[PDB]
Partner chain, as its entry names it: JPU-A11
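In the form solved without its partner chain, a lone chain appears below as structure tokens.
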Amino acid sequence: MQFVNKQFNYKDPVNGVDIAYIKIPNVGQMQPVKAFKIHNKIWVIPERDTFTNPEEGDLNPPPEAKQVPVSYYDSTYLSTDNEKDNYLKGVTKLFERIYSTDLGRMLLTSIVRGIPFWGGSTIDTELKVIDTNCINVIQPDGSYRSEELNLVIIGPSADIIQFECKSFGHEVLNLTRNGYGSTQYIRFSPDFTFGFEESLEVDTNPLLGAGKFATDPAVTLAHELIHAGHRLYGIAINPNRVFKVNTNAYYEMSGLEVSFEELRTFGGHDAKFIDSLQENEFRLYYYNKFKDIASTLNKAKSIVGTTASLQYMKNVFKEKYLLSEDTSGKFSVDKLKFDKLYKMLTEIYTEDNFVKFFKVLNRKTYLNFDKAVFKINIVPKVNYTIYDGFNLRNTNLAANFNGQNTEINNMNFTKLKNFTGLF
């Protein structure tokens, strides 16, 4: 089976269904951009993100006031039709690489089922969608139609290497932290990757290493998808909750703090830096939020719109949050099933676990220091494949992660900027 059933070309004609010009609602005035629906509830926009934030409507570098040492700027990237064509084929290839593993098939399944909650109504008895969880699709007659969706993969903004999740908020609800969920816009590029060091002492030192080994972009995309899974189920930890690193002398010499959301997303040894009493506080919180979702679904006898029934809409949220249906017809939250789903989204879907499935070399911890950024081209099968990534089987790159070795497989990587020593 395949996740993306159509090998899209960027120059394919629009059809108003899965190849169409779309608009982002409630952003500011924008021109419709060509988008591609690679899967149910998942779209891809091969353009630089100058929309989701009215602040960053400029691809040129800002005045170095809030600028990061780990940054890279190129206003011309992803501006030609050939670039957008390779971007679409690159993102397509990475989704199939993730889907080729059991862990990736489970994560992508949970993302599709993670429909943002229909809690937009100010009247308790009526269920209504939240407007900022859809896009406007131009139909073959020039008219717009709204279509719900969970995920959007879009190009980066001014800083090319800052892959960030972006979602539209609410002045009444924290949709990413109240269990509701929201449509997630992921800034990502398959044409760049980062270099890391193979020894833990060198990788976690800010003064050593040039980035001998390159990160598999499938791991990078999965890492962002894990964040999107947390936000689509509304169980993301507030970024204010941080772990002030005491395990790295260079971190505390500058007072660097890392959010619990990042430590949870990486998994492995990093996840246990979140102490057990605070993790219990988080789980009880999201458990309560799930019951109010069960309560508002119980106090709902109506629905707004003619695109779905109330029984279907009550059903899809029962499948999403794994609620229990009693004999009276009202939903409840089983603690055993909540702990089951919460652990799947937080402990099973981790970067460290995806490394084990991909059989790749990767950073051992989120508490390291970036080394370099490379330009890559994963679309040609002679460079990168679904089942092997860079470590192509039956070649000299198969063993010892030789494909990720930028000194052995030098023709596949072009170093653009060094980060070592600039801290």
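Positions refer to the first chain, counted from 1. By rigid core we mean the largest C-alpha set that fits within 1.5 Å across both forms.
Missing here is the form deposited with its partner chain bound; even so, the following discussion is about that form.
Under a 4.5 angstroms non-hydrogen atom cutoff, its partner chain in the bound PDB entry lacks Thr327 among its neighbouring residues. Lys291 falls outside the set of residues with a heavy atom inside 4.5 Å of its partner chain in the bound PDB entry. Not displayed here, its partner chain is approached by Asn315 to within 4.5 Å at the level of heavy atoms in the bound PDB entry. Its partner chain is not drawn, but in the bound PDB entry it has a heavy atom within 4.5 Å of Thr109. Proximity to its partner chain in the bound PDB entry holds for all of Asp18, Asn40 and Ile115, with the criterion being a heavy atom within 4.5 Å.
For the residues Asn82, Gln139, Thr76, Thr125, the 4.5 Å heavy atom test against its partner chain in the bound PDB entry is passed only by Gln139. In the core-aligned comparison between this form and the one not shown, the C-alpha of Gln67 is the only one from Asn60, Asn40, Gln67, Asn396 that shifts by 2 Å or more.
Once you line up the core between this form and the one not shown, the Cα of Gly329 ends up 2 Å or more from where it was.
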